[PDB]
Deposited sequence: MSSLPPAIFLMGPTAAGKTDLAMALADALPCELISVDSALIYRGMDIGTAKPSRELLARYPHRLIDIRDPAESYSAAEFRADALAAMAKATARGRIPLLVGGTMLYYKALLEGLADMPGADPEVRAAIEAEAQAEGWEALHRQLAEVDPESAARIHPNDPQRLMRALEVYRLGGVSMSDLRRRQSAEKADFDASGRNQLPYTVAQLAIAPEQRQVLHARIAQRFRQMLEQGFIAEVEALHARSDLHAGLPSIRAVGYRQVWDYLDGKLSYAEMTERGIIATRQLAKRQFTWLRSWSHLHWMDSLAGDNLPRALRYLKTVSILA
C-alpha cells in the first residue's frame, strides 16, 4: 500500500497558500513548498512569501533554504521533496505540496511511491486573476519591494543574470535601480512578467491529468477539497 500525499497547484495569485493553510487545520499535514522562488532567503516581499508569523503557525518545507547567490535544480527539488515527504509520512503526517513551479511537480511524478490527490485552484475568468496580479504587485512596492531588491543589488556576489533574480518582477526592480527604467515602466513590466508566468502555468495545467479543479472565488473550497480525497481512493 502507498502512503497518501496531496498536490495543491495553480497559477500565481490563485490563492493556493490560502487553501493549504485551511487544509492544514483540517488534517495532519506537512506543508511542502513547490516554488523555485520561495527557496531564497531575502526574497520575501516580491515573492509573496508567507509572513514570518504565518510560517510560524504554518511551517513550510523548502522555503528559505538557499542564499540568492546559489542555484537550485529540479533534481535537487526532487531529492529534497522526497526526503521531506518520507519524513512527514513516518510521522503519520500527510505531505501537502503547494506551489506553482510545474517543472518541480513534473520531476517528482516523472524525473512516486505515494497515492497522490492532485488539486488545482484558479478563477474561472482569467481577467479576475489578472486584476489581482496587478494589484498585488503594486502592494509589494508599497510594502518594501524596492528596498528588498536594493539589498540584493548592493551585493557584489549577485548580478541581474542569476537564477534567483529570475523570480518574476525582480529583474524589473533591479533595472529600475540601475537607472534603466522609470518607476512606471518597472511597474508595468513587472506585472506583464507575472501575467506571463500565469500564462505559462495555465499551459502546463491544461495538459495535466488527474486534476480536481477549484474556484478561487468559491467560499467552500475546504469541504470540497476534503471530499475529493476519497475519489482518488484515499482513506483519511
- Note on the structure: Absent from the model, numbered along the deposited sequence, are 1-2, 114-198
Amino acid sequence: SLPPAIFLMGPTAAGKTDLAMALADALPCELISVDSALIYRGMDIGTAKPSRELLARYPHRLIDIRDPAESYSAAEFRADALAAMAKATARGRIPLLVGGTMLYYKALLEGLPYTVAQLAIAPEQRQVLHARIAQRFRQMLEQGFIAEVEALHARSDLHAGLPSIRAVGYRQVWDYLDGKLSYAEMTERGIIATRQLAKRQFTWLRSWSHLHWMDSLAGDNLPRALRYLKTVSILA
From here on, numbers count along this sequence of modelled residues.
- Note on the structure: For 169-177 versus 25-33, entry-based mean Cα B-factors point to 25-33
- Item | Of 215-223 and 10-18, the one with larger mean CA B-factor | 215-223
- Message: Among 92, 100, 161, 111, where is the Cα B factor highest in this entry?
- Response: 111
- Among 194, 47, 187, 209, which carries the highest Cα B-factor? 209
- Message: Split into thirds by Cα B-factor across the chain's modelled residues, where does residue 86 land: lowest, middle or highest?
- Response: middle
- Item | Lowest, middle or highest third - CA B-factor, residue 122 | middle
- Task: Name the third of the chain's ranked CA B-factors that contains residue 53, choosing lowest, middle or highest.
- Result: highest
- Looking at the entry's B-factor column for C-alpha atoms only, identify whether residue 183 ranks in the lowest, middle or highest third of its chain. middle
- Query: Considering only modelled residues of the same chain, in which third does the CA B-factor of residue 75 rank: lowest, middle or highest?
  - Reply: middle
